[PDB]
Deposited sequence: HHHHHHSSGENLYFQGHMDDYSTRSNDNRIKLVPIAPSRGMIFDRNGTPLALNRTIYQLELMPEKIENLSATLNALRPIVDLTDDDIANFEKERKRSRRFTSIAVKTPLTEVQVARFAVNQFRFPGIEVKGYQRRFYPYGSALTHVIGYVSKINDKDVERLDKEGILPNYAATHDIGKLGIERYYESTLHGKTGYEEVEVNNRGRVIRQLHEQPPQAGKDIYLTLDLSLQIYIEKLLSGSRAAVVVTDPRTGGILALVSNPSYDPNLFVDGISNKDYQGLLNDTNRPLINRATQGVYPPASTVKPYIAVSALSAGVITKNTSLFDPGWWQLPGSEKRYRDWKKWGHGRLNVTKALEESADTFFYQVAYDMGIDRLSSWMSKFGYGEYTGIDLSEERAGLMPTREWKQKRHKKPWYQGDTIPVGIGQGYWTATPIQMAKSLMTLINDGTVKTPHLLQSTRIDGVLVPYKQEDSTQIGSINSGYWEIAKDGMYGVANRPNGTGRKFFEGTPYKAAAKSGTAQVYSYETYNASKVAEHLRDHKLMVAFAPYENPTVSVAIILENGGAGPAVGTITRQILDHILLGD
């Protein structure tokens, strides 16, 4: 008499409006078994009209008792079967066609980690929706957001259950009144579908993560974890066997490497350590030391080796960044101390959730003395300080944390929250994302940001630059910084931004245990070229 009308789930779009998450119509035939005269005769009559198989009966027979107590006689119907039922409606008074919506992901595994998936509501979801006091709003709703955007914006994408006053027999005949459902709100993402597809291609067979951001907005133009899987098979109610196949793959397709991969950031951190050392005044632009290719922990027999076996010689910070000198940063770490260095890296967001609008995230670890006492029950030694100076030791970060620290550097200490939401459709208007956070590290006019970035310019462009090979011929100027994180094979890391002059793209990439094939600087150049040439 008064019944719930399920609202349709909001759609998800890329930055140009390409649909990424769609609803499809599934037609099924339904009746109330009691309100039927000759059920067993009626079913035999339906065989020819909607191609009703023995298995359509079996699956209905199994449902009639299992149902507390309408049941699906046949599910799914072809339009042809619906059309043959509709002209024979008068012959089956107690039987109607019902239209339902099932989520569809047309680019599948290219966007599994970003978009996620919706899955069938289970007892645990029911309990939790009860506790939250919104279970009535899920009365006609089958699926809910379990990963990615589908999860983080579940409340935006779901909408409002409506009500209809209807008359029966025992199938609906007409509608007395209707309180419309309000459709879920559509979400437009910052994602560039073309860039995303292109990057999943480049990573093929690598365990990898890439984050591409626009540093003027903090919008995420691409977010790739490789290896991936088909999100569609979770809408289909994933089997135990398929889930276990995913859960036990050693490549770990289930893990979003971009937001849950925790790795040593290695030498990618040296630009932020420079800015911090300069701002704390522990060095100046000019502060020079001589590198013989190793460094003695002063007052102790520990030797720390530079990557360059016979050293870089006389280094200022600029040259230490261009050549990725370890010796210069071992000194800077020693002088700064863990307390000031941990505190400054925390300002860059290391050890912190980034604020990205996904619920699948790890914070990693910006080590402190307090933390080491707490976790490992020993106190902090000078030994512990030194590897932290080159982004190793207890220091772990996510690719999304590395993307955020770079955006902060590009914007001279003005922090952008990385974000996937470009706009929400509210009442037929696209309402843009607005950053709520307004953090500022040191002073915008310090010119210390510039020293660190001129360093990175040098890595890419100057003949002593460690990355000069990857960026030969560019019509734009790129700024970059690489790193190698050992654990068999070392992880390879690069961060980069372009036009150096006025950056419109920044990239953070890690190839786990090196590239399956290509080098991280090859891949970074291919990404910057894709966006800035074409």
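Return the ranges of the deposited sequence not covered by C-alpha coordinates, sorted by sequence position.
In sequence order, the gaps with no modelled C-alpha are 1-30, 100-101, 202-203, 522-535, 583.
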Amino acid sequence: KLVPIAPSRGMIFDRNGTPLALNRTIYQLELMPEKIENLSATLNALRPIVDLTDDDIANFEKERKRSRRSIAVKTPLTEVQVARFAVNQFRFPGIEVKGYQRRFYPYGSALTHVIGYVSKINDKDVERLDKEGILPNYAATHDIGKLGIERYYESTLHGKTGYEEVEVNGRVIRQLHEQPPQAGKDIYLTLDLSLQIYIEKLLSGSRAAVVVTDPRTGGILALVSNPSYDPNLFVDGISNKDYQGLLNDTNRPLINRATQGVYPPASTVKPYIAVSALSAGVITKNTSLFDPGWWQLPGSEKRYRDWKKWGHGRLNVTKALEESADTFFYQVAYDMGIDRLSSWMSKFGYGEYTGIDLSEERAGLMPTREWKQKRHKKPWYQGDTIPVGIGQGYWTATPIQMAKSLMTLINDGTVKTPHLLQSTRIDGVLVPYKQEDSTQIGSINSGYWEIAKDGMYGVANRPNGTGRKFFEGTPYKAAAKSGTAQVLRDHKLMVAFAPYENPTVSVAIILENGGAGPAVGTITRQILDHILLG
From here on, numbers count along this sequence of modelled residues.
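If you average the Cα B factors in the entry, which is higher, 380-388 or 358-366?
Looking at the record's C-alpha B-factors, the answer is 380-388.
If you average the Cα B factors in the entry, which is higher, 240-248 or 149-157?
For C-alpha atoms only, the mean B-factor is higher in 240-248.
Return the residue from 99, 136, 219, 106 that has the highest Cα B-factor in the entry.
Comparing C-alpha B-factors across 99, 136, 219, 106, the top value belongs to 136.
Highest Cα temperature factor in the entry, among the options 166, 403, 144, 410: which one is it?
Spelled out: the listed residue with the top C-alpha B-factor is 166.
For residue 92, return the chain-relative third of its C-alpha B-factor as stated in the PDB record: lowest, middle or highest.
CA B-factor rank for residue 92: highest third.
Using the B-factors in the PDB entry, rank residue 23's C-alpha atom against the chain and give the third, lowest, middle or highest.
According to the entry, residue 23 has a C-alpha B-factor in the chain's lowest third.
What third of its chain's C-alpha B-factors does residue 465 belong to: lowest, middle or highest?
According to the entry, residue 465 has a C-alpha B-factor in the chain's middle third.
In terms of the CA temperature factor given in the entry, to which third of its chain does residue 398 belong: lowest, middle or highest?
Lowest third, going by the recorded CA B-factors of the chain.
Name the third of the chain's ranked CA B-factors that contains residue 121, choosing lowest, middle or highest.
Top third by C-alpha B-factor.
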